[PDB]
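Asker: any chance you could fold what I've pasted below:
(chains A, B, C, D, E and F)
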There are 6 protein chains.
Amino acid sequence: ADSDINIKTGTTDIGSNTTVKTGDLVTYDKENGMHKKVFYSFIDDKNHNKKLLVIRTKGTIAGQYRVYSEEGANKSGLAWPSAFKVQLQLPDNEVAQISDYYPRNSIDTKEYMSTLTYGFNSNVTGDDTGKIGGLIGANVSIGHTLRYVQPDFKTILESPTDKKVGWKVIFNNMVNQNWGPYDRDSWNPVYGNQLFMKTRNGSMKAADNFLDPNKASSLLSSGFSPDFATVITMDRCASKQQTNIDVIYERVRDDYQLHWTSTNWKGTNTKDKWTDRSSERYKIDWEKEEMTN
Amino acid sequence: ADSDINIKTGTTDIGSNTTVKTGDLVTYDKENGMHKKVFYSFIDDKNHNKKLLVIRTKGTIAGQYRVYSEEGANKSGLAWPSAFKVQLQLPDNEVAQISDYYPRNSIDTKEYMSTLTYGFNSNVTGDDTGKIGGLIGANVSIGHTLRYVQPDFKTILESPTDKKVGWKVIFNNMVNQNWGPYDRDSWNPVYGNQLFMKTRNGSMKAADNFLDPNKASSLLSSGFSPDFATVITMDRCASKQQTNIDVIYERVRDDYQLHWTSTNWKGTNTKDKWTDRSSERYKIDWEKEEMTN
Amino acid sequence: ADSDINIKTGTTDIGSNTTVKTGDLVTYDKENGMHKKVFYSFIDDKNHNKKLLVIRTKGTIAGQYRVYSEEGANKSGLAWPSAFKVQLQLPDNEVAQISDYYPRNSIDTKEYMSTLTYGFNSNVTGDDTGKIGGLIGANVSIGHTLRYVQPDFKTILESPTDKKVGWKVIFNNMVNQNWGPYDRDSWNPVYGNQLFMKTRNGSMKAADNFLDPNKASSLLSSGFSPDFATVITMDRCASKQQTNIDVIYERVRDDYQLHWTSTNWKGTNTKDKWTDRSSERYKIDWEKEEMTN
Amino acid sequence: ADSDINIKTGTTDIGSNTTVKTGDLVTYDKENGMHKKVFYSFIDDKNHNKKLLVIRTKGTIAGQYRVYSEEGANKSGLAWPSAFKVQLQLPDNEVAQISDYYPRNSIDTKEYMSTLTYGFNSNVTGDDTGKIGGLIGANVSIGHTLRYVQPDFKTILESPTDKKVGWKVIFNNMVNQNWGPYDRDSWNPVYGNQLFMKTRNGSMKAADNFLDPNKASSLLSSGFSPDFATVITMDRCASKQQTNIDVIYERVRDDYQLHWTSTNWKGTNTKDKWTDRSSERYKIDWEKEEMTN
Amino acid sequence: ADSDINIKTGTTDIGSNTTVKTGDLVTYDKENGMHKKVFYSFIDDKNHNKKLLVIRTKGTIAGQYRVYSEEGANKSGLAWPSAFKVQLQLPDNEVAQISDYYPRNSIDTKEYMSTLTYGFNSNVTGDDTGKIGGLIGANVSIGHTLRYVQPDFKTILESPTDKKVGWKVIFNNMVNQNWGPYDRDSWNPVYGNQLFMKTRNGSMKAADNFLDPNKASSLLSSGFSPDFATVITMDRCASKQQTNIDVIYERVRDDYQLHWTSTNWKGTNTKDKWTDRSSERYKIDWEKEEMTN
Amino acid sequence: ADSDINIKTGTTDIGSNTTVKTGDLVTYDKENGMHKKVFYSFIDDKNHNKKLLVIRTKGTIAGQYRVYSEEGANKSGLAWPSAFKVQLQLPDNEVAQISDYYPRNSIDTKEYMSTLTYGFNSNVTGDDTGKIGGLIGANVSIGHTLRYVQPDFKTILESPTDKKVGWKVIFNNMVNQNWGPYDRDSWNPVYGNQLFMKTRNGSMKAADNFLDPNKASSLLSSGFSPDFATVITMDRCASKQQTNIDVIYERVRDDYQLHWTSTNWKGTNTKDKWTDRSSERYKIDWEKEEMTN
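Answerer: Numbers count the residues shown, from 1 in each chain, chains lettered A, B, ... in the order given. Please see the structure below:
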C-alpha cells in the first residue's frame, strides 16, 4: 500500500476531482435464462495519461438444475450447471486495450501440524491365589495433519490479453447429506458417482431419486450472480473515439444419469454435455461518454 | 473494489450531490398476519444514464407455529412455517426494468482435515513364577474430518429476470432438545419424523407432545423479518412516467402430525399443505418521485 | 447495503440536514420495581414522505429473585423471573402506524463435523518358553459432532402489527455450579428440577438451599435493561396531529419449590405463577414535536 | 442502531453543536484508602427537552489484601476484598432524576457440543502351536461438552430507581497455582477452603502460608478502578436549580483463616467481616453548570 | 461510551479548540543504565474547571541480566531483573492533585470446559477349537478443563492517592527451553530452581550453565520500555502557579546461584537482592506552560 | 490512549499545522551487499519545546546464505546469517539527544491448559463353557498443556542511551522439512546439529547436502528489510545547529559444516564467525532542515 512506502493513502489513485459518467444496461435472455447487467463508469482524469472505462458485469445466470429425461422408472437424467463463464472481448482492430481486471487468482494456503508423543506405563497384578504379576511398557507415536478450506465453486480468472478477459466459476465438490464430498470424477464400484443420488437402494422411480435442490448448493438451481470488473484504456487524441465490445455469458451443463442395477442405484456423470451461450455487442462512445446496445 | 484497480474509493458510485426522495408505505394484512413495509428511495443522478428507484421490502411475516387439530387424545396436528417468500413483479408492458437486487446467492465453503498417525509400542511382563514375556507392536491410522456451518433457515435469491425478482427463506434443519439435526425428510422406522416431537413415549395427550415454541427457532412462531433491496431503472425521456409494481409476501405451511402407536409416539410431516399469499399493488410516479398504494 | 448495489453509503438514509427534537421521559414504578425510560426523537425530513418518531424503550426491570415462603425447615419457595416483556400499542382509532422496529429475530446457526477414521495394527508376542504368537487387527470409526451457542436468555420480537409491537426476553437455560444446563422443564426422578438447588443433600433448612444470586445470571436478581427501538409514522397533512401510545413493561415470575424427601432435596418449578404489569400512557404532539405523560 | 432503521448514524444523539461544561473533582480518603474521582459534563442541548449531567465515577479503591492477625505460629488471618461498590443517590425531595447508566447487565452465553461415535474392529490371532482365533467387536459413545468464560470478578448493575443507582464488583472465583478454581464457598473435608493457601503441609508459621499477592488477581492487593457513568436529567424552567447528590465508595472484606491441624493446613472463609464506606456529598448548580463539594 | 447513553461520540472529552503545549525532557542515568523520557502536555480548556498536565513516562530501563560472580568452576551467580517500577510523587504541600492514570488493573478471565461421555461396547470371540465367547461392557467419563493466558511479566497499577501514583512490571514465570513454566518460587528436590539453568548435568563451568539471554524474555537483558500516563489537575486562580514533581525509575534484581552437587546442577533464587533507584525532580510552571529539570 | 483519560484523540500529538520537511538518502554498499535507506522528517512544531528529527532506517541487508568451502566430497561449509543489526550513534559532544525509538521490546505470553478426567468402566464376560466373569475399574488422569508462538527471527531493541540506539534481528529456530524446530545449539549424538542438513545419509557430495534456500526462511538468502524509527530532539536556541550521526548496518554470519562419518552426515555450527559492518556518517542541518552524506 501507499503507507508501506511512506506515501499518503490514496495519493496515487485515479479519479480525484473528476466527473464520472455512470450507466446501466440491462438485458434478459429468456431462452438461456440469463439476466445480464452492465454497469459502466467513464473516468476522464486530467492527471491520467488515458481515458478509462470501468465495466462491471453483473446479473444472474440461472442454474437450471433440472430432471430432463425419464426412461420408464429405472433410468433418469439430470442436467446441472458445472460452470458459469463471463468473457469480454475487443475486436482486434480497436486501439482500446484491456488494462485491468478484478478479481484475480489468489494463492491458496494450508495448515500443517506435526505431533510426536511418547509414554511409559506400568501395572501390578494379583489375585486370590497369590501370584503377583507385573508389566512395564513404552510407546511412541508420530502424527501429521493437513487442514484447508474447500469451496463448492471456484472463481478463476482465465489468462487475459489486452483484447480479451474472462472469468469462470467451476464446480469443485459438494457434500451430499453429510457424506462426501463428491466431485465430477468420484467413482465407486457399486454405486458409481453419488453426487446427486438421494438414496442408495430406495424403491421409488429414478426421477424421484435425485437430491433436492434445496439440499444442494443454491448456485445449482437458483444460479450465480457475477460481479466482475474490467478497466479499458483509451488514448485521448485518437482519431476514432468509438469502440465495440462483446460480452458473453456462458453456462456449461453436465448430465447425471441414475439407473437401477436390480439391487441398488448407480450414478454416472458426463461432463460438458451442453453449453448455453449468450452474446451481446455494445458500442462505446468515448466523446459523449456513453455505452449503448 | 475500486482500490484494487487503482481507483479512489466510491468514485464509481451513484448518488453524489443528489437529492434523494424517500418514503415509507406500511400495511398490515390481518388475515394472513403479515406486516408489510416498503421503504423506497428515488435517485435521479444527472451523471447516471437512468432514473433509479430502490425498493426495500421489510416488515414481518408471522410464523404461526400452531397446534390446529386434536383428534381425541392419540392424534394431533401442528401447522408450521417451512418457507417465507417475497416477490416483486413488473407488468409485461412496462418500460422500467429490474436492474439490481440484494442479497444474492453465496458460495458455501467447508473445512477439510486429513490425519495420518503411526506408532510403535512394547512391553515386558513377569510374575512370581519367573515367566518373563515380551510384546512388540505397531499401528497406523488414517482419518478424515469435514466441518461446515448449517443455518436453521436458508435465504435464496430465486433466478431473476428484468421483470420479476424473488427471495425465499426455507427451513433447512433444526435441533430438537440437543438431538438431531432433523429436517422435513428425516425418517426413523420406530418414531418417524421427530422434528417437533417433545417426548418419545410420554403419556400425555398428543396436543401437549409438541416441542415448545420457545425451544425452537424464533422464526417458527414469532416470524421472519425480510430485508430485501431491488433497484428499478427508468429511461429519462419516456412517454409514460408511471409504473405499476406488485409485491407479494408468502408463507408456506407444513403439517406435522403426531399419533400414538400403542407403544410410542410417531411423527409424520406433509410438505406445503397450506400457502398464505398477500399481494399488493403500488403505483410509481417517476415525475413526482412518489410511491402510492 | 448501498455499496452492494453501487450506491454511495448513506445515500438512502433519512435525516440529512434535519433538526431532530429529542426528549427523555423517566418514571419509576415502586410497587413493580421498574425504572422506565422513554427516549424519543422527532425527525421531520422534508425529503421523506411522512413524519417519524423514534421511541427507544430503556430502563431496568428488576429481577426480584427472592425466597418468599418458608414452611418450617423442610419446604421453601423461591420466586424468580422467567420472562421480561416490553410492549408498545397504538389505539385502533389513530392514523399513526408502527413502521419499524429493532431488534428483530435472527436465524440461528450451528456447526457440524463428520469424522471417519480407519486403522490397522499388529503385534508379535514372545515368551521364555519359546512361544511366538501374533495378532493382526483393523478398526473403523465414524463420528458426528454438533456445536452451537446457548444464551441464558433469548430476545424475541413478537409478531408486530401496524398498531402493536413487543419484545420478550425469556429464560433459556442455566448452569448450576458447573452442572447442567438446566431449564424450566428439566426433570430427574430423584431430585426433580435442580435449577436453583444448591446441594442435593444438606442438613440446612430449605430456605438456605437455594443457589445464591451471585452465582446465577445477573438478570435473575439485579434485572434486565431493555433497549428497543420503534419507528412510528405520521402523515403530514393529517387533521389530528395528536397521538396516544401505551408502553407496558412486564415481568413473569415462576415458583421454584424445594422440599425434603427424608433422604435428599427435591425441586419443582411452576411456570408463570405471577405477572407484574406496569402500563404508561403517553401523548405525542406532532406539531410541537413533544411527548408527555 | 440508526442504520438498522434507515436512519443516518448519530442522527438521534444528544450533543450536536453544544458547548459542554466539564469538570474534575478529586478527593483522597486516607483512612479508607480510596482515591475518589468525579468527572462531570453539563450538556444543555436546545433540541433536548431537559438539561443533562453526565457523572463519571472513576478513581481507585485499594484492595488491602493483608495478613492482619498472627496467633502464635499455628493460626493466622488474612483480610481480603470480596466486593467493591459504587453508589449514587439523590435526596427524595429533589426534582432531578437518574435517567441513564452504564454499564448494565448483559446476557451470558455458553457453547454446547454433542458428539456421537460408533466403530467396529476385528483381529485375527495366531501362534506357533497353530491355534487360530478371531475377535469382532463394536462400540458406541455419546459425549456432551460445555464451554464458558469465568471472570475473576463480576460487574453487576444493581436495580436502579430514578433516585438511586449502584454497581458492585464481586469476587467470582480464582485459580490458586494452577489449581481450582476456588470461590468463597469451596470446601474440602481435609483442607477446608484452599482459596489463598500456599502449601498444604508446609512446615512454616501460618502467617507465611498465604498466597503471594503477585500470584493472585491484582484487584485483591492493588485495587479496582471504577469507570461508571450516570446521566441525571433536569427540567429547564424549574424553580430550584440546585441539586445535592451523594456518592459512596464501598469495600467489603472477608476473613480467611489458616490453622494447623497437626497434620496439614486447614483454611476457612468468613464472608462480609468488614465494610469500609466513603461518602461524599456534592452540590450541582445547574445555572452556572458547575459541581462542587 | 457516549453512544451507549445516546450521546454523540467525543462530546464529553477535554481538549476541543485548545492550544496544547507539548514538551520533551530526556535524561540518561549511566550508573543505573536508565534512559528516562518525560513527554508532557499542558491542556488549558476554557470549558474545563481546571488546568491539566498530562505526563507520559517513557524511556527504557535496561534489564542487566548478567553473570556477576564466578567462584571457581562449581559455583556461579547471575543477577537478573525481577521488577521494574515507575513512580510519580507530588510534595505534601502542593495544591495540584493526581487526577488520572493509565493503564489500570483489569480483570482476568479463564475458560472452563466440562465433558461427560458414556459408551457401550461388545465383542464376540471365536477360536479354532469351537470356542465362542462374548463380552459386554460400559464406561462413563467426566472431565474438566481450565484454560488461561500467562504473560511473562505483569503490569500492575499500585494503589494511587492524589499525591503519588506508581506502576510495577513484575516477573510472572518463564519457559526454559520448552520446559516449565518456572517462577521465582519453583523448587525441585534434586535440581532446586531451574529458572535459568541451561543443562541439568553438563560438565562445564558454572558460569557457562546459565540460559542464553537470546533464549529468554527480551525484558531480562535488553530491558523494559515504560509507557505510562498521569493527569495532574490545577486550580486556575491559585496563588502559586509552580509545582514540583518527583519521577522515580526503579529496578529490582534477584540473585540466581548455580552450584554443582557432585552429580548434577542445583539452582537457587534469592529475591530482591539489589535495588537501583533513579530519581529526578521536575518543575512545573503552569503560567508559562512549561516543564523543566 | 487519550480516550482512556477523557481526552480527545490526537489532542496531545505533535505535528499539527506544521510544515514537515522530508527527505530520502539512498546508498548501496556492494562489498557488504547492503542497500541502506534513510528516510528523514524534520518537524518544527511551535507548540513543542524542541525541534524533532524522525529518522527511519530502511533498505535491505542481504542474507548471503551460501556454500563457501568444499573440501573434496566428504566435507563442506555453509555461511549463513544469524543476526542483522542496525545502530544509530551520536557523538558524545553533540547536544542533540535520542528521545524516542520504535519498535520496542514486548512482553511475550503463553496459554496454559489443565485437565482432570476420571472414569469408571465395567464389563461382563461369558463363553460356551459357562464361566460368567465380571470386571469393574476406575481411572483418573491429570494433564497440562503449554502453547506459544515461536518466530523464526526475533526483533530486539537493545538498551538505548541518549546518544545511541540499536536493534538486532536474531535467528531463533527453524523447521527443517517438517522436523524440529532446530536452533544454533541443537545437538544430536549421531547427527550433531541438523539445522541445514538435507539428508541424513544421502550418498552425494557434501556441498549438495545443504537445505535448499527456497525451503528455509527467506531472510536467510534474500535478506532482511529494517523498518526502524528513532526520534532525535534539539534545542531551538542552541549555538551550533549542525549534528553528526552514524548509521551502521551489520550482518553476523555463522559457519555450518557438514562432514561424512562413514555411515551418516554430521553437522556442526560455529557461531559469529564473520561480521560485515557498513558505516555511514550523515550531517544534519537543523536550520536548513536537511540531511546529507
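Asker: so who does the residue of the stretch 51-200 of chain A found nearest chain C touch?
Answerer: Residue nearest to chain C within the stretch 51-200 of chain A: residue A:178 (5.7 Å; C-beta to the nearest C-beta). Quick note: C-beta positions are derived from backbone N, CA and C, even for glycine. By C-beta atoms under 8 Å, 6 or more residues apart in numbering or on different chains, residue A:178 lies in contact with C:112, C:114, C:144.
Asker: partner residues bridging the second one?
Answerer: With DSSP bridges as the criterion, the beta-bridge partners of residue C:114 are residue B:146, residue C:144.
Asker: before we move on, back to that, columns neighbour count on top of the contacts of residue A:178, output as TSV?
Answerer: Formatted as TSV, the contacts of residue A:178 follow (neighbours: other C-beta atoms under 10 Å in any protein chain shown):
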residue	neighbour count
C:112	19
C:114	18
C:144	14
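Asker: backbone dihedrals for residue A:91, please?
Answerer: phi -60, psi 150 (degrees, to the nearest 10).
Asker: for the closest residue to it other than its chain neighbours, grab the count of nearby residues.
Answerer: Of all residues not flanking residue A:91 in the chain, residue A:244 sits nearest, at 5.6 Å (C-beta to C-beta, 6 or more residues apart in numbering or on different chains). When neighbours are counted by other C-beta atoms under 10 Å in any protein chain shown, residue A:244 registers 14.
Asker: got a list of what residue A:113 touches?
Answerer: Counting by C-beta under 8 Å, 6+ apart, residue A:113 touches A:143, A:144, A:145, A:146, A:147.
Asker: equivalent analysis for residue A:235, please.
Answerer: A:50, A:51, A:95.
Asker: got a PyMOL select line for the buried ones in these?
Answerer: Here the buried members of the contacts of residue A:235 are turned into a PyMOL selection, burial being counted by 16 or more other C-beta atoms under 10 Å in any protein chain shown:
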select buried, chain A and resi 50+51
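Asker: looking at the contacts of residue A:235, spot the one nearest residue E:260.
Answerer: Closest to residue E:260 out of those is residue A:50 (78.6 Å), distances taken as C-beta to C-beta.
Asker: ok, that closest one touching residue A:232?
Answerer: No: counting by C-beta atoms under 8 Å, residue A:50 sits too far from residue A:232 to count as a contact (9.4 Å).
Asker: which residues in the stretch 151-293 of chain A form strands?
Answerer: Taking DSSP state E, counting those that start in this stretch as the criterion, the stretch 151-293 of chain A contains strands spanning A:153-158, A:164-171, A:174-176, A:179-182, A:228-234, A:242-260, A:265-285, A:290-292.
Asker: give me the contact status of the fifth one with chain B.
Answerer: Yes: among the residues of strand A:228-234, A:229, A:231 lie within reach of chain B under C-beta under 8 Å from any C-beta of the partner chain.
Asker: who touches that strand?
Answerer: For strand A:228-234, contacts defined as C-beta under 8 Å, 6+ apart pick out A:50-58, A:86, A:88, A:90, A:95-103, A:165, A:167, A:241, A:243, A:245, A:284, A:286, B:4-5.
Asker: in PyMOL, how would I select just the buried ones from those?
Answerer: Selection of buried members from those for PyMOL, criterion 16+ other C-beta under 10 Å:
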select buried, (chain A and resi 50+51+52+53+54+55+56+57+58+86+88+90+96+98+99+100+101+102+165+167+241+243+245+284+286) or (chain B and resi 5)
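Asker: now intersect the contacts of strand A:228-234 with the helices, please.
Answerer: Of the contacts of strand A:228-234, none are assigned to helices by DSSP state H.
Asker: restricted to strands, list the contacts of strand A:228-234.
Answerer: Using DSSP state E to define strands, the subset of the contacts of strand A:228-234 located there is A:51-58, A:86, A:88, A:97-102, A:165, A:167, A:243, A:245, A:284.
Asker: so residue A:11 versus residue C:250, what's the distance?
Answerer: Taking C-beta to C-beta, to the nearest Å as the measure, residue A:11 falls 58 Å from residue C:250.
Asker: joint contacts of residue A:50 and residue A:232?
Answerer: Common contact partners of residue A:50 and residue A:232 (C-beta under 8 Å, 6+ apart): residue A:99.
Asker: give me the distance between the two termini of stretch A:284-293.
Answerer: 9 Å (C-alpha to C-alpha, to the nearest Å).
Asker: near chain B at all, it?
Answerer: Yes: using C-beta under 8 Å from any C-beta, stretch A:284-293 reaches chain B at residue A:290.
Asker: other residues contacting that stretch?
Answerer: By C-beta under 8 Å, 6+ apart, the surrounding residues in contact with stretch A:284-293 are A:21, A:23, A:25, A:27, A:38, A:40, A:42, A:44, A:51, A:53, A:96, A:232, A:234, A:241-245, A:280-283, B:49.
Asker: tell me the buried residues in that stretch?
Answerer: By 16+ other C-beta under 10 Å, the buried positions in stretch A:284-293 come out as A:284, A:286, A:289, A:291.
Asker: dump the residue contacts of residue A:44.
Answerer: A:18, A:19, A:51, A:52, A:289.
Asker: near chain F, which residues of the stretch 1-150 of chain A?
Answerer: Residues of the stretch 1-150 of chain A lying close to chain F (C-beta under 8 Å from any C-beta) are A:6, A:112, A:114, A:144.
Asker: check the residues you listed and tell me the two furthest apart.
Answerer: Greatest spatial distance in the residues of the stretch 1-150 of chain A next to chain F: A:6 and A:144, 43.4 Å, computed using C-beta to C-beta.
Asker: touching, residue A:144 and residue B:117? I think so.
Answerer: Yes: at 7.5 Å, residue A:144 counts as touching residue B:117 under the criterion of C-beta under 8 Å.
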